[PDB]
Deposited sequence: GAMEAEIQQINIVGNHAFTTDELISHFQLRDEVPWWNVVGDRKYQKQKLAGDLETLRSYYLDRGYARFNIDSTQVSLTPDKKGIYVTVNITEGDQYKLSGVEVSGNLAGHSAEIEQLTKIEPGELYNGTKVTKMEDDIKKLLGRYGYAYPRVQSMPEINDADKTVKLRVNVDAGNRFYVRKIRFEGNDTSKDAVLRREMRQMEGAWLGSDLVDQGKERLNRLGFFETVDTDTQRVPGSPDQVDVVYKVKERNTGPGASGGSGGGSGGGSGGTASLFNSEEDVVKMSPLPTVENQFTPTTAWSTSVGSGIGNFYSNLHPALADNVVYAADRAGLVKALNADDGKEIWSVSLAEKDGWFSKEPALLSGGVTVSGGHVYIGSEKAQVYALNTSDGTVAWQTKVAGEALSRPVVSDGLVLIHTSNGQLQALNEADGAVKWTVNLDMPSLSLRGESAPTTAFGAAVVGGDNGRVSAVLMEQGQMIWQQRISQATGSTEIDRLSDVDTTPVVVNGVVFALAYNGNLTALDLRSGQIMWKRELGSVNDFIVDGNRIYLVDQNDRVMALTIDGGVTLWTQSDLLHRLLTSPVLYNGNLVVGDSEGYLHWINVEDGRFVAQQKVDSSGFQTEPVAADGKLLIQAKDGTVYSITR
């Protein structure tokens, strides 16, 4: 099963229609090549010579099947036919064969007729190769045709919970991310909650009240996937349509918009007048806070099957430590993204380092959870547990969620386990956060599970929203928040 096919760089035609001829919505690499050519054929049939497919990316959600496809193109300009030239060993049929917008099909259609016409005369294996001669100066294509002739999921567990948690408020935010593996999640700063819908809708809510204070549509679905960050009175959101938006907290009006190299899936991190983004084409990118202009850009590298991403960095004194596939951490200085050191920690993909302090903590799908030297890249120690979802380092420990919705407290020193909870196995769980000294996380069936940190046992268990959970629970300013797949945003209170 595949969840989505995307096209990035497509401004002439709308995405859903070029796709519509794709034979790939179906439940495999062999055919994608077939459809990359439908993609081309389609542009070359509309005079878009000098059209290019830069990158093709196959992704797979953490739940072990929800294949994602992204086709990064760079759309050419329009070119008309300047004329036709017919050359080669025809050589006396040169008059019978020789007798608008550039149509790649028509050309190839032409080819076949030239290839077939000689076929009537017994030329069984003649080969023609027609190259478009282009001048970008006046945007026209001259077609030249040389020719050679033929020779002739585990259940819930029971829980005795005191406390009883309880929802303080709920406010709708469109149709949410749905099953689309997003990273979108609320954010709070100075008392307003900023959440968004994958379609484009963005809302700002009273934290204490839960009531809109401004709403805006950023649409052509925006396809928001990375967010929501907040810093310096801005609201940074990245979309799968390769666009990063910065909004004023006050009116929710677009401060700036930046074209990015690819799908901005990661949460944007704002340290030091910057916004670091990780794109699905393995691009780490920095842009100014005020104008959103690209300062530097680094190609991390990427494989054929991958995350659904992307590792969002940490800032450690003018370094960005970022992971992502290939499956190795990359620490780059901030102006201008010069590789210092790259250490492999290893489907080898990766997720957000924590730095506390001079030591980097990484996790990758499959093995493994690493602790690293910030300044040199050494591995101080390791494990064989991972997931592509985040992990907090409160105190001298590490509370993670494992590949299989396992839960673990491990020391900061050793990743010697203290405890493990495993009754939520394969329940498709969120990232872990502490709220009032208790570890809280949600799952695809809607509950939020409050686990204590001394032992591993559920102190509480609740049902908030049948639609399910997938995105980070956000705990800040004594307020816990989480947003569902349906889009509904919640503020829980004990």
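- If you line the structure up with the deposited chain, the stretches without a C-alpha atom are 1-5, 33-44, 117-123, 177-284, 352-359, 487-497.
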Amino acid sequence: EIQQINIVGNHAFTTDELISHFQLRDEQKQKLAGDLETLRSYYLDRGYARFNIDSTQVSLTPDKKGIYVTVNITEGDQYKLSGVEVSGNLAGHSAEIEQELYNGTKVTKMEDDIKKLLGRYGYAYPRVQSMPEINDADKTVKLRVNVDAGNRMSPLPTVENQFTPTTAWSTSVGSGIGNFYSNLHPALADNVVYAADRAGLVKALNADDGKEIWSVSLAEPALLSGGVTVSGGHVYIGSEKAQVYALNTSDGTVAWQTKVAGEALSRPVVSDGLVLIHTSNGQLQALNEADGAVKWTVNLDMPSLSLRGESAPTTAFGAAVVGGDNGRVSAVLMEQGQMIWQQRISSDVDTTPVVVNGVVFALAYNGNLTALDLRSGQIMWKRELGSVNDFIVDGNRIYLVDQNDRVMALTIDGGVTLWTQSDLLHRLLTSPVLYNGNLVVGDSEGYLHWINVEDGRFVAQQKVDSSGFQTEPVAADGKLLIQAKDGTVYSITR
From here on, numbers count along this sequence of modelled residues.
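- Two stretches are in play, 88-96 and 68-76, and the higher mean C-alpha B-factor belongs to 88-96.
- Averaged over CA atoms, B-factors in the entry run higher in 102-110 than in the other of 170-178 and 102-110.
- The PDB entry assigns its highest CA temperature factor, among 353, 262, 226, 150, to 150.
- Each of 299, 280, 403, 129 has a CA temperature factor in the record; the biggest one is found at 129.
- In the deposited entry, the Cα temperature factor of residue 474 places it in the middle third of its chain's modelled residues.
- Among the modelled residues of its chain, residue 47 has a C-alpha B-factor that falls in the middle third, as given in the PDB entry.
- Residue 3: CA B factor in the middle third of modelled residues in this chain (values from the PDB entry).
- Annotation for residue 62: CA B-factor lies in the highest third of the chain's modelled residues.
- For residue 28, the recorded CA B-factor ranks within the highest third of the chain. Only modelled residues enter the ranking.
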